[PDB]
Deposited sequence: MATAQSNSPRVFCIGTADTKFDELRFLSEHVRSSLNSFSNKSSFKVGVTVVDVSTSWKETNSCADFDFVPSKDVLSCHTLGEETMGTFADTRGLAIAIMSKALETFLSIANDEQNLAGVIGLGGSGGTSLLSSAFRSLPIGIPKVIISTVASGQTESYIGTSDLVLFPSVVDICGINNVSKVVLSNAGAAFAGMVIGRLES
């Protein structure tokens, strides 16, 4: 362990999408840096998925995010969104969060958005979303949340690379 970065998937995101992104983030982190940042891959899908792991990455399945939470645009999302928010409010409270990146459609975006913009301005926070070109006010609110429009390796690549950029340059100042 070390300072962490999170690649996050929602229901929407297919395994191979998340793998490519995490792989590209890590690589790029290593490549941009001047010599280290870990890549924790987290699943926050509201529906079950036949996979509680992501290649060789430190993982945290949807059951675990959820676990750390106590009890309106869906109940499922309302629940998980909250559980995510608390989850990385902790890892940021440990001063061990260099940024977060996730992908989702309209549902997944609205899940990640709120959980993300609850993080201090300046903390790299990225969402590769299919609702980027449209009304974003409700997602970005009044914060520095970046929405990359849509997934495709070329766009996964630039998003991934853009995130590595913000992180590294923020940590190497």
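Stretches of the deposited sequence absent from the structure, as judged by C-alpha coordinates, are 1-6, 42-44, 81-90, 170-178.
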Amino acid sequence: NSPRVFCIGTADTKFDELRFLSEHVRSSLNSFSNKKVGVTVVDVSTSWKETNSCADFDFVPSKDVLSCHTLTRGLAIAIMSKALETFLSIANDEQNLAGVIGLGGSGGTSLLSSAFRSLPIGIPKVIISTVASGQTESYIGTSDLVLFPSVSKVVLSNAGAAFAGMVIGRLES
From here on, numbers count along this sequence of modelled residues.
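For the two regions 129-137 and 62-70, the entry's Cα B-factors average higher over 62-70. Higher mean CA B-factor, judged across 37-45 and 50-58 from the recorded values: 50-58. Ranked by Cα temperature factor within the chain, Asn30 sits in the middle third according to the deposited record. In this PDB entry, the Cα temperature factor of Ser114 sits in the middle third of its chain's modelled residues. Sorting the modelled residues of the chain by their CA temperature factor places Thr86 in the middle third.
Per-chain ranking of the deposited C-alpha B factor places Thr13 in the middle third. In this PDB entry, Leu147 carries a Cα temperature factor that places it within the lowest third of its chain's modelled residues.
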